[PDB]
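So the structure is just underneath, and the comments pick up after that.
As a convention, Cβ positions derive from the backbone with ideal geometry for all residues, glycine included, and neighbour counts pool all protein chains shown. Please treat every number below as a calculation from the coordinates, not as lab data.
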Amino acid sequence: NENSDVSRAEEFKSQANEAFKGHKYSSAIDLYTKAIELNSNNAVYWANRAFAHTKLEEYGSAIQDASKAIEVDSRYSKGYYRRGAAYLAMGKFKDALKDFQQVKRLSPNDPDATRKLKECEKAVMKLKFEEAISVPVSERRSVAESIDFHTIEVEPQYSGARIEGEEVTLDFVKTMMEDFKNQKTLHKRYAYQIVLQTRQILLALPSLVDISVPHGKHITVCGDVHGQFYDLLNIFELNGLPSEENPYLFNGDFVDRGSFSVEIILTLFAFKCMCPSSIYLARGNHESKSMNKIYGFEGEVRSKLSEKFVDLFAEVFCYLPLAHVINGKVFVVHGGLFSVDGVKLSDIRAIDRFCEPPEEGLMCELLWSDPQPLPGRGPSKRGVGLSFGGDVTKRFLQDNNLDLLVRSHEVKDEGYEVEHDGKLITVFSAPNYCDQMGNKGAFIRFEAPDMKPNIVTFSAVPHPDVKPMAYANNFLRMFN
Ligand SMILES: [Cl-]
Ligand SMILES: [Mn+2]
Ligand SMILES: [Mn+2]
């Protein structure tokens with residue numbers, strides 16, 4: 001059957017490349033799929049759809065597409081290049097080393113092939129040391145055990161904000177945010193005060209927090225912000241600062257990727273210190289030593305804070321709750337649902353969350369999952385977690401007497417998308433993601449008692465000339 005039309009397939013490829021130039025990666029993937037359907041022996045099509053997949057952080061789909069590209073042409077170096085870029089993007093340095101070994105073997109005198117190979121060799125042995133000294137955080141002394149914040153002297157020439165006494169006050173938070181806005185810094189004493197007080201608050205919280213919004217009051221659910229501090233300031237300017245009267249739920253992924261991650265996490269933690277009922281912080285996948293070590297937050301901390309804040313921030317992130325339930329009706333996780341059925345809220349509440357997210361179990365799945373339009377389950381596009389359909393959402397909701405599922409974790413054009421017949425809503429509060437996506441951000445206000453989700457969208461604001469991934473892993477920087 002010679003029924004493949006190369007002309008129509010090349011028409012789809014150019015259309016997909018045009019959508020690629022315009023950062024319309026989902027449309028590009030669709031057009032590459034149509035191109036592949038009409039011609040599956042062109043490895044360039046597979047490599048391009050893989051490239052578009054990595055742009056959407058769909059690294060599993062990327063690896064699979066690049067693998068089919070390699071299957072088509074053994075000597076197509078761009079297939080191995082794309083697969084290794086996807087592996088490198090998700091931290092699998094050894095697999096990246098394999099694919100970049102192959103990339104050099106094909107083009108043997110190309111300077112960049114040997115360069116990326118020597119780069120990956122340095123990275124894998126560096127990772128060998130890092131992995132050899134890896135110890136579970138629950139078997140380690142807390143940083144709080146060896147640092148009392150009252151002991152830290154503040155030199156009189158420090159011009160930034162000061163916490164007088166034990167209490168974090170709204171006046172200090174406003175001064176801290178204005179200093180952060182002008183690219184100033186907070187003293188180590190007050191950073192330690194904030195983070196150590198936050199450690200106290202979070203460790204006494206269950207893994208699933210029941211949030212009670214009484215009759216007539218409201219709450220704002222926010223999605224990923226990934227270190228875009230100036231868009232966080234925009235959210236607060238458009239919707240009001242966190243307060244007992246105007247509470248916030250931030251659905252994980254506060255840091256990494258964006259280059260103002262320290263300022264966000266210090267602002268969010270301080271608001272929690274000031275009035276705990278004024279803000280609720282769920283955990284994301286990027287509140288993890290695995291992610292922060294390579295995606296910017298850890299390097300941002302080492303630059304603006306010190307090296308002990310790295311372990312302290314990791315420990316505090318391990319204490320973050322995994323989920324929230326608003327008025328016993330609205331279920332808010334970051335990632336999604338699970339590979340098994342019959343999971344009740346009691347199961348989530350009882351999770352021993354004080355560890356780095358494993359590669360298996362309820363914790364990993366609720367932090368990494370994505371919804372799919374078709375019913376059922378399927379392999380994760382990210383290679384971590386799973387894809388769950390509308391039947392999974394509906395069963396979980398009726399099983400738990402819940403009305404709605406709210407989640408984030410995935411970028412959206414308008415900052416939101418309603419799926420699963422109005423039972424799942426993705427919310428994403430990082431507009432113009434990575435300074436290149438061009439999307440709007442969004443947040444959802446919930447007013448009691450009827451709990452109708454009032455979605456509000458917003459656009460990005462300017463910020464100082466600090467490029468994304470600035471403090472991130474060097475090798476991950478020189479791609480995209
Ligand atoms: Cl993410
Ligand atoms: Mn996420
Ligand atoms: Mn995210």
Problem - Candidates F180, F172, filtered to the one that is within 24 Å of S278 (Cα to Cα) and touching a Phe, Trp or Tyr at 6+ places or on another chain (Cβ under 7 Å) - result: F180
Practice task
State whether one or more residues within region 454-464 are out of contact with any strand residue (DSSP E or B) (no Cβ under 7 Å at 6 or more places or on another chain) and within 16 Å of ligand 2 (Cβ to nearest atom).
Solution key: no
Handout entry: Selection within region 180-195 - surrounded by 22 or more Cβ atoms within 10 Å (Cβ to Cβ) and assigned to a loop (DSSP other than H, G, I, E, B)
Key = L186
Practice task
Taking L402 as the residue in question, decide whether it is within 16 Å of ligand 1 (Cβ to nearest atom), aliphatic (A, V, I, L, M) and over 30 Å from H463 (Cβ atoms).
Solution key: no
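Looking only at strands (runs of 3 or more DSSP E) that fall completely inside region 204-264, which ones have 1 or more residues that are aromatic (F, W, Y), out of contact with any helix residue (DSSP H, G or I) (no Cβ under 6 Å at 6 or more places or on another chain) and within 28 Å of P464 (Cβ to Cβ)?
248-251
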Practice task
Filter region 360-379 down to residues that are assigned to a helix (DSSP H, G or I) and within 16 Å of ligand 1 (Cβ to nearest atom) and give me whichever is surrounded by the most Cβ atoms within 10 Å (Cβ to Cβ).
Solution key: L366
Fill in the blank from the handout: Within region 35-60, residues being within 15 Å of ligand 1 (Cβ to nearest atom) and among the small types (G, A, S) number 1
Practice task
Have a look at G223, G160 and point out the one that is surrounded by 12 or more Cβ atoms within 10 Å (Cβ to Cβ) and within 16 Å of ligand 1 (Cβ to nearest atom).
Solution key: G223
Practice task
State whether one or more residues within region 246-261 are touching a residue at least 60 places away in the same chain (Cβ under 8 Å), surrounded by fewer than 21 Cβ atoms within 10 Å (Cβ to Cβ) and more than 16 Å from ligand 2 (Cβ to nearest atom).
Solution key: no
Practice task
Could you check how many residues of region 1-25 are assigned to a helix (DSSP H, G or I) and surrounded by fewer than 15 Cβ atoms within 10 Å (Cβ to Cβ)?
Solution key: 6
Exercise for the section: Can you confirm whether region 274-283 contains a residue that is within 16 Å of ligand 1 (Cβ to nearest atom) and either among the β-branched types (V, I, T) or out of contact with any strand residue (DSSP E or B) (no Cβ under 6 Å at 6 or more places or on another chain) (or both)? Expected result: yes
Handout entry: Test set (1) surrounded by 21 or more Cβ atoms within 10 Å (Cβ to Cβ); (2) within 16 Å of ligand 3 (Cβ to nearest atom) - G60 fails condition number
Key = (1)
